[PDB]
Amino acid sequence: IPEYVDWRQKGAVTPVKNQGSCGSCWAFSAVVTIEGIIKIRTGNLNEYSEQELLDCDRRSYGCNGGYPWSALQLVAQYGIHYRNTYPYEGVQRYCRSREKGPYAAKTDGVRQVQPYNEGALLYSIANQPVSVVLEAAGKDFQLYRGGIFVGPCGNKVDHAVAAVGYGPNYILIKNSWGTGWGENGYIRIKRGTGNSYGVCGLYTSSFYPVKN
C-alpha cells in the first residue's frame, strides 16, 4: 500500500456533516464508509441517510449511541436511502424506509479489521474508508484545531468516526462535528507509536462494508 492515501482526493468523500447534539456518530461513521465504497465500486458519489440508520437500526440506541457494525449490517441486509430522501433530523424517529420507496444502495456485508493492529487498519484504509472508534471525550480531542493529534487521550473509546486516509505519521479521520472543528472537519491522528491500542484507542474496533 502507498505511503499516502486520501479518499477525498479520489472523490469518495462527501462534505463534512454535523451530527449535532444527537449521539449518532455510529451512523455518521457507517454512512461515510457506505458513501466511499459505493463511489469506489460504481463511480458515483452520493450521500446516504444517517437518519435511516438512526431510526432503523434496532440493535443501536438512536441518539443514545450505537454500533457502526450493526448499522453496516443493516445496510448489507436491507439497504439505505439517499440522504435527500431521508434527511437528517438529529432526533430518533420511527423507521421510515418503507415510506421512502426503494433503497438507493445496498452492500453485501461487513467485515472487522483485526483489532489492535495498525498495519491491518492501514491496509483496510488503502482499500476504502473504514469505520473506527476513538476516545473523543477528552478536552484535547474536543478542542483540536489542527496538526497531527497525539493526545493526550486514553483508550476509553466513545466516538465512531471514519478513517479516509493516512500518511507516514497519521491516520486521516472524518469527524461528524461540522466543518468548524479540527481541519475543516477532519483530524490527523498520530500512528506508528507502537501503542497497539492506537492513539486514543483508534485500533479498538474498526469495520468496513463489503460491496461485490
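All residue numbers refer to positions in the sequence shown, first residue = 1.
Averaged over Cα atoms, the B-factor as recorded in the entry is higher for 39-47 than for the other of 183-191 and 39-47. Between 97-105 and 117-125, the higher mean Cα B-factor belongs to 97-105. Across the options 163, 31, 153, 63, the residue with the most elevated CA B-factor in the record is 153. Per the deposited record, the Cα B-factor of residue 53 falls in the middle third when ranked against the other modelled residues of its chain.
Sorting the modelled residues of the chain by their CA temperature factor places residue 111 in the highest third. Ranked by C-alpha B-factor against the other modelled residues of its chain, residue 137 falls in the highest third. Per-chain ranking of the deposited C-alpha B factor places residue 145 in the highest third. In this PDB entry, residue 91 carries a Cα temperature factor that places it within the middle third of its chain's modelled residues.
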